[PDB]
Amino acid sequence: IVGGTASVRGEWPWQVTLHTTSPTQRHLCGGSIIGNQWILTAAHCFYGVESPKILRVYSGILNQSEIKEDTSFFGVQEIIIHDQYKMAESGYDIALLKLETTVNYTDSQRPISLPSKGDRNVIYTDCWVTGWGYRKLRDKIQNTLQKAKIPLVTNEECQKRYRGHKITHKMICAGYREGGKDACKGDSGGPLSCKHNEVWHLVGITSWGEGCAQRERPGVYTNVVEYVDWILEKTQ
């Protein structure tokens, strides 16, 4: 996260850190708890992943330094990538992880609601991007989960900034015209979380952008509302 600040314990209890353990253990991507057995993340995260055997899902984590060899994690029983996914910038950047067993929810590990039926024309004005990613294009993974408030941009404005890509209704853009706050490397797969009527909804999945926090180049997110039917079919 560029231009962000540190979170405190319990603040974003649906945020997970997905680790790979091949060839060594490291944070790979963010994700969001959406059910006792289900995480929603980005398909691009699995580009170099040979199988679900090497993944570990950690929940309830504020600082990466909390994870040690005896820290409990959930195994992944299945990775479900959207069948039309090709590359992040052309869309369909969405995946479900089915866990081996059910998370009992606690104060530190809680679900976020999907965008609700009836809310298709809500204007979200309180949206946040969170993650352990870089603070600038060449940087490092941060220890403490970071947060930044970012405004949504219309698809019309977003397309004018990205005339070499197809910005469709299945994407949502967010960013300031002057730049300065945005996702960056290591935040993909995590949530763009928007609060409406004091309930959090998973509006976007962090996906791609030109640079990080550059002027007139908003971040691009998978528009989760457009995938609700796909999610319900896969989870049932």
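Residue positions are given as counts along the sequence shown, with the first one as 1.
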| request: Compare the mean C-alpha B-factor of 208 to 216 with that of 12 to 20 as given in the PDB entry, and name the stretch with the higher value. | output: 208 to 216
| said: Regarding 199 to 207 and 64 to 72, which shows the higher C-alpha temperature factor on average in the entry? | reply: 64 to 72
| remark: Of the residues 165, 98, 110, 120, the one whose Cα carries the largest B-factor in the deposited record is 120
| Which third, lowest, middle or highest, does the CA B-factor of residue 79 fall in along this chain? | lowest
| remark: Of the three thirds of Cα B-factor ranks in this chain, residue 86 occupies the highest
| field | Cα B factor band for residue 153 (lowest, middle or highest third within the chain) | value | middle
| note | Sorting the chain's modelled residues by C-alpha B-factor and splitting them into thirds places residue 132 in the lowest
| Should residue 93 be placed in the lowest, middle or highest third of its chain by the C-alpha B factor in the entry? | lowest
